[PDB]
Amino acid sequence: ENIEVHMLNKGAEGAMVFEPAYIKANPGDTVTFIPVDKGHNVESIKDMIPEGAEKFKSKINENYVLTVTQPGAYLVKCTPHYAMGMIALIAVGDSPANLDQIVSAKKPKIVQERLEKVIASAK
């Protein structure tokens, strides 16, 4: 199954966002990131993807198609806008084993704020 995500300068949660910022997927699915506005990309964050998963980084402004294989939670960022809160959480399979670890991990305050919103209301 494919899930489309838009990379925008401004959206419902404020500036620099992925929409949706919570993606539910199964092994084998793809996530397509579309640069609706210029200046964005997607990058996996170190130690915030599951054991066994490969790290990934797209180029700025390219349409990028991610195939997800390993179950667990993945926190991805937009490289230039991580400090401004531009992240998304991909949850592959049920009860992702590493989710609490990702919620507790060191990250910028605005990122933590948006992450907690997406898990609460966006779940």
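In case it trips you up, residue 1 is the first one in the sequence shown, and so on.
- For the pair 33-41 and 84-92, the mean Cα B-factor is higher in 33-41.
- The stretch 48-56 shows the higher mean C-alpha B-factor when 48-56 is compared against 61-69 in the entry.
- Remark: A15 belongs to the middle third of its chain, ranked by C-alpha B-factor as recorded.
- Sorting the modelled residues of the chain by their CA temperature factor places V5 in the lowest third.
- In the deposited entry, the Cα temperature factor of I110 places it in the highest third of its chain's modelled residues.
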